[PDB]
Q: 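Dumping the structure here so I can ask a few things about it.
Residues: numbered from 1 along the sequence shown. Below, all heavy atoms of this structure are taken into account, side chains as well, without hydrogens, waters or symmetry copies. Start at 1 and go down the list; that is how both ligands and their atoms are numbered.
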Amino acid sequence: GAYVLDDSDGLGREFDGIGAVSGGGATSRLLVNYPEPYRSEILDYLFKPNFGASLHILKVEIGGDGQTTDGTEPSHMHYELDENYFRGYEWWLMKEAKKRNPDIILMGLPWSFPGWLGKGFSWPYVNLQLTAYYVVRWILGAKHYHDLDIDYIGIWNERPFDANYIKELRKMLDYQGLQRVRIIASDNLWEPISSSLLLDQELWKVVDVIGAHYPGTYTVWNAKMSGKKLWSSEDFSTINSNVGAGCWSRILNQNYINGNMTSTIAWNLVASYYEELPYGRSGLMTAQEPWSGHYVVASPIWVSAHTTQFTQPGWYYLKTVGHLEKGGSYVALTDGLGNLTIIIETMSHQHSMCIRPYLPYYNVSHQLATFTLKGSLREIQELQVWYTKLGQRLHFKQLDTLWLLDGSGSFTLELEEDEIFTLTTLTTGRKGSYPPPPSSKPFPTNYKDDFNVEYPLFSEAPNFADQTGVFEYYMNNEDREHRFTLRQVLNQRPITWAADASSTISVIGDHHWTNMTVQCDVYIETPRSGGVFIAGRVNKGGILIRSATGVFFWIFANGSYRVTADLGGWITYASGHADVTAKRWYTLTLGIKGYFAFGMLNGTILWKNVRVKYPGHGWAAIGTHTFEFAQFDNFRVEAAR
Ligand SMILES: *[C@@H]1O[C@H](CO)[C@@H](O[C@@H]2O[C@H](CO)[C@@H](O)[C@H](O)[C@H]2NC(C)=O)[C@H](O)[C@H]1NC(C)=O
Ligand SMILES: *[C@@H]1O[C@H](CO)[C@@H](O[C@@H]2O[C@H](CO)[C@@H](O)[C@H](O)[C@H]2NC(C)=O)[C@H](O)[C@H]1NC(C)=O
Ligand SMILES: *[C@@H]1O[C@H](CO)[C@@H](O[C@@H]2O[C@H](CO)[C@@H](O)[C@H](O)[C@H]2NC(C)=O)[C@H](O)[C@H]1NC(C)=O
Ligand SMILES: *[C@@H]1O[C@H](CO)[C@@H](O)[C@H](O)[C@H]1NC(C)=O
Ligand SMILES: OC[C@H]1NNC[C@@H](O)[C@H]1O
Ligand SMILES: [Ca+2]
């Protein structure tokens with residue numbers, strides 16, 4: 001009926017911010033080669049204050065060279081004694097975010113680790129000092145090379161934590177003058193981290209935040225007992241249709257209401273990865289076409305705005321928050337300066353399902369809500385109004401100012417389902433706008449890269465999405481024809497997060513492609529045992545990269561070749577001998593049309609008319625037989641979709 005909003009008996013918990021995740025894995029991959037002005041517009045929609053999503057928090061993967069859901073991300077230490085703070089795109093992303101919002105909150109978290117850290121095992125806790133050293137080096141490098149202060153460091157994404165590790169990490173941070181960096185644990189379930197904090201005073205002292213993943217808006221008693229900040233440190237992960245926007249809307253409110261969670265962070269920030277990779281289009285917005293410049297400012301961008309534009313880290317929740325009698329919810333926040341923001345959501349069950357977890361049916365119907373301002377809030381006589389109706393739809397439209405002339409300190413709204421209202425004393429709101437970007441277009445049916453770039457802006461060529469191993473721009477001054485190539489740089493399997501393939505592979509192009517010719521120059525660096533391939537119709541990647549089928553054309557340095565239907569090479573289409581050795585450049589051509597394929601070595605037919613599964617479709621790819629050095633040059637693909 002009537003809902004009292006008051007601060008007279010005190011406040012709720014301090015609000016910590018809303019944010020999102022770039023990484024886990026390669027989610028921002030296709031954003032970096034967007035042309036201007038579009039790339040900048042996109043970043044504005046995400047990070048510019050009083051414009052779009054206006055995010056408070058940006059969380060990034062600390063790359064460890066392993067597959068971490070939609071690709072691999074490069075580490076700052078590929079090998080022991082290697083340090084490089086200019087690989088990948090997270091440094092870049094953090095700097096761009098910080099340009100737009102200097103007060104943005106930055107977090108880092110590992111999914112995978114380089115293999116050499118395991119000292120013979122695929123386990124990051126064999127040598128605690130070494131793994132901590134690796135992680136703290138990343139934080140120092142953020143400061144020293146990019147001028148970034150990292151605000152939070154995590155442990156091991158959705159993987160077990162080690163209590164001694166967390167203690168060592170704290171000790172190591174302090175030792176490096178990083179006392180201001182805070183630790184969040186354990187980026188998995190509420191347990192066992194929450195009970196561990198109650199049983200262990202030394203652990204409790206070194207953990208600042210408990211971050212849980214996909215909590216379904218609820219927490220647990222031990223976490224409440226701990227007296228720590230509780231965050232939903234990863235959530236969302238749903239397609240950014242109106243449905244995903246509903247999910248995002250409902251949980252932004254009800255994570256605090258049901259779970260005492262004072263921050264929620266979406267996976268992922270922006271869908272800049274091929275859609276046919278796992279969890280396609282599950283960012284706050286979509287930017288998966290750098291070749292065309294087309295992006296989509298999806299509904300979740302404006303759902304975020306209803307909170308982010310009108311709240312800031314350091315505001316407090318009121319004690320008076322809760323559910324609406326006939327479905328939906330409301331929260332209210334103040335800054336202690338006389339401002340007040342009220343956020344109301346009436347998301348229906350059928351239009352707000354998240355993938356994790358799936359809620360049992362709940363009912364939402366039309367209602368009227370009366371709000372009365374008590375305490376220091378009663379003196380407010382004016383409120384700005386912002387409204388969204390999820391579809392057709394109607395996004396972040398500003399409505400007529402609401403007045404409380406009465407002295408009643410009270411007002412009433414008619415609510416329907418799937419709506420959001422934000423009522424705030426703040427006048428800075430804005431639905432940011434750029435002109436529409438170019439129309440969507442498929443990946444170019446003809447495409448080439450000679451990798452001839454002497455001072456590349458990024459460490460890898462555009463559109464190549466690594467799904468196992470890591471491929472990088474390589475300069476070899478000792479060669480003239482192949483001075484600038486693409487190189488696979490891992491020489492051992494990472495401490496894996498997902499199930500990386502046995503073979504390295506990078507995919508590119510249009511998953512719809514079914515007839516195609518792929519050509520590339522390849523160089524095998526390992527004598528006798530080495531091998532490489534090119535391929536087409538590659539149908540799976542990411543977390544499923546081991547499942548990938550297609551047509552794979554391998555040559556080996558022992559004078560041999562293979563044609564397989566799968567990346568794992570279990571299934572044979574054809575095989576035989578070839579004049580192939582190590583440390584020599586060959587040109588491979590692979591042609592696939594309907595039921596048949598052919599391969600060429602240096603322009604001369606090696607095998608022809610080999611029958612392959614059809615129908616079938618997928619990306620083009622390059623790669624190596626194991627985790628081994630190899631080079632590639634003059635990539636070309638022609639395809640029909
Ligand atoms: C966490 O939030 C819950 C609400 O979900 C708080 O628990 C109580 O909530 C009921 C209504 O659901 C109120 O009537 C009680 O007043 C709340 N408890 C108290 C002690 O006020 C709970 O307080 C919160 N825990 C914190 C802030 O540590
Ligand atoms: C609401 O918030 C605004 C912005 O934080 C407050 O305005 C600021 O007030 C501080 C001091 O209180 C000044 O130093 C800033 O220059 C002000 N900034 C702007 C943009 O006005 C405002 O006082 C708060 N309270 C109300 C009732 O609006
Ligand atoms: C890919 O190539 C196959 C093989 O040529 C094409 O399939 C043939 O299409 C013609 C005319 O469309 C038919 O008369 C043949 O019977 C088809 N062959 C088979 C085995 O189905 C296919 O259309 C091509 N696809 C694209 C997108 O170019
Ligand atoms: C939802 O609530 C309305 C109002 O009480 C009711 O008429 C309707 O049957 C409910 N729907 C379900 C599925 O229970
Ligand atoms: O929904 C899938 C997400 N889960 N958390 C880890 C992330 O990298 C994603 O795989
Ligand atoms: Ca070249």
Q: Tell me, which protein residue and heavy-atom name are nearest atom 8 (O) of ligand 5, and how many Å apart are they?
A: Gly24 O, 2.6 Å
Q: Considering only non-hydrogen protein atoms, determine which one is nearest to atom 6 (C) of ligand 5 and report residue, atom name and distance to 0.1 Å.
A: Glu234 OE2, 3.3 Å
Q: Quick test of your reading of the model: are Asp208 and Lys229 salt-bridged, counting only N-O distances below 4.0 Å?
A: no
Q: With the criterion set at N/O pairs under 3.5 Å, what does the list of contacts between the protein and ligand 2 look like, atom names and distances included?
A:
from, atom 1, to, atom 2, distance (Å)
ligand 2, 2 (O), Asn339, ND2, 2.3
ligand 2, 25 (N), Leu337, O, 3.2
ligand 2, 25 (N), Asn339, ND2, 2.9
ligand 2, 28 (O), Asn339, OD1, 3.2

Q: Would you kindly say whether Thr264 and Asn255 are connected by a side-chain donor-acceptor distance under 3.5 Å?
A: yes
Q: Look at atom OH of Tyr316 and say whether more than 12 heavy atoms of other residues, nucleotides or ligands are closer to it than 6.0 Å.
A: no
Q: Output the list of atoms in ligand 5 that are nearer than 4.0 Å to some heavy atom of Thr68, sorted by atom number.
A: 8 (O)
Q: Taking atom types as modelled, is there a side-chain donor on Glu234 or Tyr214 under 3.5 Å from an acceptor on the other?
A: yes
Q: For ligand 5, which is the ligand I care about here, please tell me if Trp111 has any N or O atom under 3.5 Å from one of the ligand's N or O atoms.
A: yes
Q: Which one holds for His213 and ligand 5: side chain close, backbone close, both close, or neither close, with close meaning a heavy atom under 4.0 Å?
A: neither
Q: Any chance the side chains of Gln288 and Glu275 put a donor and an acceptor closer than 3.5 Å?
A: yes
Q: Does any donor atom in the side chain of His213 or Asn188 lie under 3.5 Å from an acceptor atom in the other side chain?
A: no
Q: Counting heavy atoms only, which part of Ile543 comes closer than 4.0 Å to ligand 5: side chain, backbone, both or neither?
A: neither
Q: For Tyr330 together with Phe371, are the ring centres under 6.0 Å from each other?
A: yes
Q: Please check if the distance between the ring centroids of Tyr362 and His323 is under 6.0 Å.
A: no
Q: Should you measure from each heavy atom of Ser237, which atoms of ligand 5 turn up under 4.0 Å away?
A: 1 (O), 2 (C)
Q: Starting from atom 10 (O) of ligand 5, locate the nearest protein heavy atom and write down its residue, its atom name and how far away it is, to 0.1 Å.
A: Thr69 OG1, 2.8 Å
Q: For ligand 5, which atoms have a heavy atom of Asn157 less than 4.0 angstrom away?
A: 6 (C)
Q: Taking the six-membered ring for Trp and the single ring otherwise, decide whether the centroids of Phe15 and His56 are under 6.0 Å apart.
A: yes
Q: Run through all N or O atoms in ligand 4 and write down each protein N or O closer than 3.5 Å, as a pair with its distance.
A:
from, atom 1, to, atom 2, distance (Å)
ligand 4, 2 (O), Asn363, ND2, 2.2
ligand 4, 11 (N), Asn363, OD1, 3.0
ligand 4, 11 (N), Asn363, ND2, 3.1

Q: Please determine, by modelled atom types, if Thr286 and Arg281 share a side-chain donor-acceptor pair under 3.5 angstrom.
A: no
Q: Between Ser28 and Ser272, is there a side-chain donor-acceptor contact under 3.5 Å, judged purely by atom types and distance?
A: no
Q: Looking at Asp44 and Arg100, does any basic side-chain N land under 4.0 Å from a carboxylate oxygen?
A: yes
Q: Tell me, yes or no, whether the heavy-atom count around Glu382 atom CD, taken from other residues, nucleotides or ligands under 6.0 Å, exceeds 12.
A: yes
Q: Hey, would you say the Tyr152 and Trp231 ring centroids sit under 6.0 Å apart?
A: yes
